[PDB]
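Number of protein chains: 6
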Amino acid sequence: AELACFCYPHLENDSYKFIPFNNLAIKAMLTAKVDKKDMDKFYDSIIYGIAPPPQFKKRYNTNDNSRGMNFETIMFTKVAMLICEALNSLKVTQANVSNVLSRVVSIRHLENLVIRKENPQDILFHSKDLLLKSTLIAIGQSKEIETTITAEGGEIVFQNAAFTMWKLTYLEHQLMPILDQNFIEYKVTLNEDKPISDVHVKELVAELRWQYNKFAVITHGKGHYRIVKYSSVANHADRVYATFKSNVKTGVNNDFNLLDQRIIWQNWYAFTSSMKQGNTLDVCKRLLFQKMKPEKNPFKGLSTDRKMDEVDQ
Amino acid sequence: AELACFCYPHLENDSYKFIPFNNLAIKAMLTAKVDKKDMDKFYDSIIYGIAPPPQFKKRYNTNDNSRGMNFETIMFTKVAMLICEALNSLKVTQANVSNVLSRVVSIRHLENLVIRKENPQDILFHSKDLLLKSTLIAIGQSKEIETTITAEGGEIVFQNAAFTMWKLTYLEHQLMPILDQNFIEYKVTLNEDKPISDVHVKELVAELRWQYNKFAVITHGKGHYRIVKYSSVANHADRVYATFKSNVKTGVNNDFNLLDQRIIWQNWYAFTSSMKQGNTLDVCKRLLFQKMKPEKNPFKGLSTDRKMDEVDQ
Amino acid sequence: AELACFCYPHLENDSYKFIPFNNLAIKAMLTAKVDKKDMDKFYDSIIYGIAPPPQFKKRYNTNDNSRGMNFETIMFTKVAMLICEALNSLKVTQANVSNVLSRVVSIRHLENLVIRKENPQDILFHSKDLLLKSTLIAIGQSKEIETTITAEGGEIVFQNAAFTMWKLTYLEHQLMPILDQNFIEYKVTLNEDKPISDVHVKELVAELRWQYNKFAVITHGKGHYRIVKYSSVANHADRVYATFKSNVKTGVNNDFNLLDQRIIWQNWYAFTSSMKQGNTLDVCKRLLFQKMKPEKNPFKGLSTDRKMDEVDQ
Amino acid sequence: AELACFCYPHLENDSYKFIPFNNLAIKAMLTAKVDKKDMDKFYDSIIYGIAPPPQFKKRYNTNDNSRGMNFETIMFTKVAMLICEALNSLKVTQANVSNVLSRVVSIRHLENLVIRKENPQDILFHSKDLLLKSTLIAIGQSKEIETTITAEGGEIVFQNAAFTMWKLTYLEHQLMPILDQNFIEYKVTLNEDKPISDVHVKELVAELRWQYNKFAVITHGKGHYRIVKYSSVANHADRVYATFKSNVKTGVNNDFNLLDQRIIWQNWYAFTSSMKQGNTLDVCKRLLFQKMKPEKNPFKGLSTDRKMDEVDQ
Amino acid sequence: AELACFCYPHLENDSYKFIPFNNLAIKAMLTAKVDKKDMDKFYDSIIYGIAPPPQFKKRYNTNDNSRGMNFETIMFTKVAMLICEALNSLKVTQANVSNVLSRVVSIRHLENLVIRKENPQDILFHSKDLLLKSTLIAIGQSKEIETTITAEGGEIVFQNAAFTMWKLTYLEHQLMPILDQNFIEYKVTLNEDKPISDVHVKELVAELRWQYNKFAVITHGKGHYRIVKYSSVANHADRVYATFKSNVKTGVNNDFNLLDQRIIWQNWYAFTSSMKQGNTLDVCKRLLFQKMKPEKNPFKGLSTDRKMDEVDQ
Amino acid sequence: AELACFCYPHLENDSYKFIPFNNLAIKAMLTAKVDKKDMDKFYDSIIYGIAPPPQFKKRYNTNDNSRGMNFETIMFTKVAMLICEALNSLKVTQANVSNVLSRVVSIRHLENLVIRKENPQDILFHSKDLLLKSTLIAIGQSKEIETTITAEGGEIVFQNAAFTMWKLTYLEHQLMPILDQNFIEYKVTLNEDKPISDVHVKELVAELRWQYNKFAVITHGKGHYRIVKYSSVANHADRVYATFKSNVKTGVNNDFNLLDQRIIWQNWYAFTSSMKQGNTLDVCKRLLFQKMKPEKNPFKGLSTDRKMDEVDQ
Ligand SMILES: [Cl-]
Ligand SMILES: [Cl-]
Ligand SMILES: [Cl-]
Ligand SMILES: [Cl-]
Ligand SMILES: [Cl-]
Ligand SMILES: [Cl-]
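Protein chains in written order, with UniProt numbering: chain A, 2 to 314; chain B, 2 to 314; chain C, 2 to 314; chain D, 2 to 314; chain E, 2 to 314; chain F, 2 to 314.
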């Protein structure tokens with residue numbers, strides 16, 4: 002959803018400070034009659050303060066809408082505070098304030114950041130600069146790459162010297178959970194930027210082949226791997242290509258890290274490479290749906306090594 | 002109920018300060034044997050302090066009475082505090098103190114004010130002067146007119162530049178809820194005193210015709226509309242006329258704002274206009290029960306515009 | 002869903018007898034690997050008997066599918082028995098058996114018939130011929146028109162000498178309930194075929210205007226009225242036109258009873274009349290979305306008569 | 002456990018009839034003081050009839066023992082009845098009665114047979130001869146091979162023209178469930194004895210590689226495949242070899258069907274082939290723990306065909 | 002309520018047989034539009050059979066009415082069956098059938114009869130003639146006097162050779178319970194018609210003075226005493242006088258048994274004696290509200306005898 | 002129980018300070034083996050501090066004893082604190098400390114004092130001197146008479162200018178509740194020491210005759226009335242006479258206020274007067290069990306005045 006769904010700007014001391022919405026202000030908005038010319042303007046609920054522009058109505062769950070967010074939950078307040086805290090660390094000017102609020106970001110990424118921040122065991126609870134960094138990435142106000150330290154979080158299901166694999170617990174979220182109970186998604190972040198040894202790549206490919214064989218290793222071009230089940234790969238390709246095509250037309254940075262060729266599924270490496278080559282969605286998608294195998298088993302009988310380990314175990 | 006049901010006066014510093022009752026003091030009172038000559042005097046429970054005059058026994062719910070108030074609930078304490086806080090903002094003298102306590106006001110209006118005040122999202126939680134203003138109106142110690150900012154509250158079900166429509170959630174109240182589960186009542190307050198455009202009146206009439214077609218738009222002469230179901234209009238007329246007749250005999254201000262003729266139901270506009278003309282209850286009531294239609298559809302096929310909007314939607 | 006989803010044929014005594022499926026047979030089917038050439042053939046689960054053709058997989062709710070039916074519920078068995086009982090009252094030959102099983106009918110209509118049949122208070126519990134008649138209509142193996150006596154059922158919310166208005170309680174169904182909680186639909190059946198007086202039409206229009214003002218009176222061309230909210234009229238038009246266009250191409254009877262012009266909403270009367278005239282979906286649909294009012298208030302101030310009745314009440 | 006744990010013989014009409022134990026008879030037995038010379042004799046509880054020999058004490062769960070069976074459950078009675086019904090279909094003589102009772106059989110296999118028999122959807126509920134056949138196999142009083150029709154049961158998770166794959170729901174059993182919650186075991190039975198096509202073998206290997214990649218396809222020498230996780234293969238080898246070595250010393254039939262070489266895991270095919278060759282447990286076990294790969298992928302990129310199917314899906 | 006609220010007549014074999022209503026038939030009736038000329042006619046619900054005349058609408062509890070009966074409960078069916086069984090023991094002719102159905106009787110009396118009849122411990126469960134007798138009295142189709150054997154029932158709280166005192170458990174009733182939780186009423190029936198000794202009258206007056214001192218001993222003129230709290234005596238007088246005045250104008254039998262003067266409260270004996278003398282309600286009521294004491298303590302210090310018994314106890 | 006059951010003395014600054022026991026110290030004591038010569042000495046639990054003398058074992062509820070107190074409840078701690086606070090307001094010397102601890106007092110009186118003290122509505126919550134006074138009376142370290150202000154508490158069921166009637170809610174107590182569920186006891190304290198008018202005595206006798214007719218008005222010789230049911234009067238006489246006889250032998254003050262002769266039951270006035278005259282228990286008790294009536298109805302037909310009030314009400 003857009004950042005304008007969570008907060009409004011306030012001109013204080015020639016800079017902008019951002020204030021979370023009261024959820025009853027959003028409720029009043031969702032009932033209000035607004036002229037189309039004000040559909041893009043902040044709404045005044047009189048009783049509960051300023052509310053989001055009514056053009057954002059369907060980002061809010063009602064009886065009419067299950068594809069928005071649960072704005073009356075306390076997680077809405079926590080996410081809005083998280084955003085405001087990061088947006089206020091930037092002294093946003095009168096120029097760039099409309100662009101910042103119109104930015105669409107992942108709510109589920111932000112709820113997971115809040116979950117990290119409120120846990121005394123987590124580093125983000127103790128370093129406000131690290132929390133600031135992780136939020137600025139999730140909001141899209143930072144060219145920095147999400148690593149393990151700055152990850153959205155989840156349940157660690159495998160760790161290496163090089164990688165940490167997280168389970169995205171999006172079914173349990175409060176603000177905007179995944180409704181499809183068949184949803185399972187994982188995420189592999191890099192612990193450092195020191196180069197990763199062949200032995201450490203092998204251990205991660207071994208775990209993926211054994212424990213996540215029904216999953217495709219892909220990536221959206223940021224610095225991390227996304228472990229999705231193959232039934233969803235086609236939609237990931239569409240979402241990825243569309244962003245590629247969009248920000249190439251709007252002139253935004255289009256840096257796409259294809260990541261390790263020995264870890265990424267081959268069709269994904271093929272479809273995204275052709276994407277970077279500037280081809281049509283059709284030419285790229287074709288590469289996605291065709292048998293190519295094998296590219297190489299970059300490491301041989303990994304699955305059998307794990308198998309003999311289990312037999313002995 | 003009378004304000005004397007919630008507090009007693011204390012002469013401090015040549016002014017009067019008002020103290021809420023302990024509910025066990027009311028319990029002791031309700032069991033006490035009192036001479037008829039003291040039935041109007043404040044009662045001393047010895048153990049729990051001063052209690053209301055025993056003449057107010059049936060304002061209190063017992064096994065004998067379900068038409069009083071739940072004085073042992075915490076909402077009783079909150080309402081009594083709300084009243085005392087407002088009555089103490091006035092430095093009530095030894096003259097006007099009996100008149101102030103004998104004032105009958107709506108408990109349900111006061112419980113809703115408390116509900117507003119305790120909510121951090123509500124303006125009344127943040128402006129003690131606004132809370133003071135809203136209470137002084139509800140108590141009847143202010144010639145000011147209740148607007149949206151000073152409203153008793155409820156659930157906002159429709160808002161305009163000009164109007165806010167509240168649902169009176171009197172079934173859920175703790176202190177003195179409506180017992181009749183068929184009860185539904187709404188309330189439309191004005192956001193400002195700036196004049197209201199024809200477009201904004203039209204939007205409110207449109208919502209009433211579409212969403213509240215089984216409801217009569219009326220008013221008790223204060224500055225707001227009361228959306229009641231027609232099965233209750235007759236009783237509203239009686240209650241309204243009686244107040245008119247009472248305070249015209251007792252010499253109190255009798256200002257009756259008939260409000261917008263295009264919004265009020267026609268029989269109500271007719272019955273109350275004849276009321277202001279000084280006619281009998283019978284002549285006024287007759288106007289209430291007779292087909293007159295139409296006065297005008299002040300705005301034509303409003304219902305059909307809404308209908309085509311829903312079809313497209 | 003298709004009748005082949007509930008039962009399979011058995012050649013007994015040169016006629017066909019129909020047998021309900023065991024739900025575990027459907028479960029085994031949903032896990033089975035089937036060649037595409039057998040996708041249309043009845044499946045053998047070995048342990049639990051014959052199962053539906055695997056081409057009908059998505060009529061069955063799984064973790065993959067919420068748009069099928071709850072085939073493991075006892076209502077599945079009751080509906081399958083209801084169908085089999087009716088199909089066995091016909092001595093279906095080897096010719097017409099494929100056509101009968103491929104017939105798509107409303108499951109929710111059948112669950113409601115079962116609800117009627119199992120109630121000792123209902124006439125259908127006591128007349129097996131009436132139950133047979135009502136089922137044969139719901140299955141589409143009868144040219145007879147559904148009346149009140151043969152209705153699917155529901156909660157009676159208004160009755161006349163001429164009409165009975167039913168609430169379709171599809172949210173509470175067990176086998177294939179409506180998932181959208183905003184669903185509300187009503188149905189007005191005719192008690193007889195004796196002509197209906199103007200006074201009795203007036204009473205039904207009066208109740209619809211007062212109690213169901215947010216609803217459009219329409220019909221799918223069978224002998225009864227369908228009371229749907231206007232947000233759904235567009236989809237009803239599509240479904241209706243498509244059936245019209247389909248069975249005009251497949252040569253099936255296309256009898257469309259437009260029903261009383263004074264009861265049906267005007268755009269619906271217009272869109273369906275143009276449908277019977279053989280026009281395009283676009284020309285018909287245009288009539289559906291255009292202000293035409295008024296056609297006539299066939300009975301004047303009906304709403305005001307009801308209103309004065311409530312005021313007196 | 003031994004069949005003597007469930008019933009005792011009764012000499013009726015020169016043949017033996019078998020009677021289930023009362024569970025309170027077993028309770029009395031478990032408290033009784035018995036001389037070692039009677040430890041092998043049927044016990045008389047006086048109040049509740051005959052009880053098992055006290056030598057079988059640890060087949061019964063007490064506070065002292067969690068590795069026995071829940072003999073006071075109703076499933077104990079149902080299993081004892083199932084056994085008695087089968088043992089009485091044989092007119093067991095005074096000679097072979099001690100051997101029959103001393104037979105050790107799988108309780109969990111018998112509880113699953115009862116679960117099949119009591120289900121109207123199951124063929125075994127309707128054919129007492131089929132139930133008789135399936136029980137006689139589970140008891141070990143039949144040289145016939147367990148097929149799909151005579152299987153112990155469970156949840157069908159995959160079916161073919163040739164195979165049915167069952168999930169052994171041993172965690173939910175009442176009489177003697179598996180206590181280890183990490184337990185998962187599957188079972189593939191043959192639907193017929195007609196030879197199985199290469200296409201149908203391929204479909205089963207495809208499902209095993211995709212859906213059960215962490216599982217080893219093995220067999221205990223009867224006519225069906227056992228899908229166990231590799232952490233358990235070593236114990237299966239021990240149990241299998243021990244039975245091989247035992248009944249080769251006691252002279253019992255030692256028929257071991259190694260089953261399809263293209264379906265069985267290679268180390269299992271190797272370890273059991275060497276078993277049939279008469280080698281030591283050590284030589285056989287060595288084959289079990291050594292990398293050999295590959296034997297062949299008998300069907301190539303099966304996993305990739307399934308993968309592209311999921312991507313399209 | 003009227004007997005016509007529970008059943009309708011059917012002309013069978015030149016006599017009338019009475020049939021209980023289906024509760025859904027009453028539901029359909031309560032929603033139906035009926036002309037005023039048919040308001041007195043039996044209603045046809047088509048689906049659920051015949052229903053009561055719509056003029057009896059407010060005998061049925063709805064959301065609009067809490068002063069009717071819970072007709073959808075199973076006690077409604079049981080009471081209707083009880084009535085029908087008694088009305089069918091009379092071969093009611095075409096003449097007297099309207100009078101019988103219009104008879105108003107106590108529902109609570111009938112629910113208590115059902116409670117007696119369904120209890121194997123009760124004599125009425127075993128003698129259908131006694132049940133018939135008790136019902137015919139409660140319905141008002143018998144000149145016989147209700148005694149202990151034919152009583153409506155309740156909890157026996159005191160018994161004598163002469164009297165049985167019942168507690169009317171009307172708060173727990175299902176069909177038409179008393180809503181006022183302060184309700185307590187008792188009933189003293191005579192066990193025989195043999196004359197009652199002075200010792201046995203004394204024991205009953207002793208128990209009433211000790212255990213029910215806050216209660217007035219009265220009677221409605223049938224053969225039994227009614228133990229009501231004095232807060233209700235005034236309403237009993239009104240109800241009693243009204244019946245007296247009614248059936249003296251309609252010419253019905255007006256037999257009023259004042260019962261024992263030493264047991265009945267004196268004002269009640271005075272008010273009812275003056276009633277039998279033909280005086281106005283005012284003259285009679287005056288006697289009810291005036292100190293007269295004492296008439297006599299017919300038995301002296303009864304209360305003190307009981308007191309010394311308790312002290313010793 | 003004895004005060005030594007709740008606390009032990011500590012010699013601080015040449016005065017004694019009293020410390021509540023830890024309940025686990027009492028538990029350790031109840032398990033300890035103690036020589037008979039130390040049965041009267043404070044016990045050392047080592048882990049939980051000092052415990053009561055083991056001679057007080059049966060004041061503590063165990064599985065062996067239900068006639069002690071629930072010493073592990075938090076009310077034990079609250080009562081022990083209440084006692085210690087009062088005992089420390091006295092600077093008890095080394096002489097009188099054994100006598101103070103051996104004092105037997107009513108636990109239930111003390112739990113009720115705690116209930117008063119912890120209630121913000123109660124005067125005792127606000128005046129530590131009043132709480133001190135009330136406790137010193139309950140402990141027996143004050144010659145002052147318990148009045149309304151210093152009462153143990155309970156539920157006020159009737160109040161006058163002169164009297165307050167309390168219900169002793171001893172069934173709900175936590176520390177040492179009455180186990181007999183038939184227990185009902187009331188208590189009438191005097192509000193002042195100003196003389197009480199005849200009108201105010203009459204009102205109290207009126208309420209007792211009407212509302213508590215099954216109760217005997219008595220007194221234990223302190224300044225208040227005890228409303229007990231007559232089934233208990235005999236035991237009250239015994240307990241009262243025994244105290245009279247005891248403290249006349251031990252030389253303690255024997256002041257017995259017989260209280261108003263017109264309020265006290267006559268046998269109680271007779272039995273206690275003879276007690277003060279120095280007669281035997283037998284002569285006194287005889288007066289208790291003999292009919293004497295009447296002494297006088299000091300106020301005539303009080304019961305009938307109340308009765309006519311209820312009839313009008
Ligand atoms: Cl990425
Ligand atoms: Cl108003
Ligand atoms: Cl239709
Ligand atoms: Cl096997
Ligand atoms: Cl009577
Ligand atoms: Cl006392």
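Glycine residues also receive a C-beta, built at the ideal position from the N, C-alpha and C atoms.
So does residue i have its beta carbon nearer than 7 Å to some heavy atom of ligand 1?
i                      : result
residue 222 of chain A : yes
residue 287 of chain C : no
Check whether the Cβ atoms of residue i and residue j sit closer than 8 Å, and answer yes or no.
i                      : j                      : result
residue 146 of chain A : residue 186 of chain A : no
residue 69 of chain E  : residue 59 of chain E  : yes
residue 140 of chain F : residue 72 of chain F  : no
residue 191 of chain D : residue 164 of chain D : yes
residue 216 of chain B : residue 32 of chain A  : no
residue 77 of chain E  : residue 53 of chain E  : no
residue 226 of chain F : residue 308 of chain E : no
Mind checking who residue i pairs with in its DSSP beta bridge?
i                      : result
residue 33 of chain C  : D/160
residue 167 of chain B : B/157 and B/188
residue 216 of chain A : A/230
Check whether the Cβ of residue i sits closer than 7 Å to any heavy atom of ligand 3, and report yes or no.
i                    : result
residue 1 of chain C : Residue 1 of chain C cannot be examined here, being either before or after the span of chain C that is shown, 2 to 314.
Problem set entry | Every unbroken beta strand (DSSP E) within the segment 223-283 of chain A, with a cutoff of 3 residues, ordered by chain | 226-230
For this session: Could you name the residues of the segment 161-182 of chain F whose beta carbon sits closer than 8 Å to any beta carbon of chain B, in the order they occur along the chain?
Result: 161 and 165
Exercise. Taking Cβ-Cβ distances below 9 Å as the criterion, which residues of the segment 17-33 of chain A are in contact with chain B?
Worked result: 23, 24, 25, 26, 28, 29, 30, 32 and 33
For this session: Could you name each continuous alpha helix (DSSP H) segment of 4 residues or more that falls completely within the segment 93-151 of chain A, going from the start of the chain to the end?
Result: 98-102, 108-118, 124-127 and 129-140
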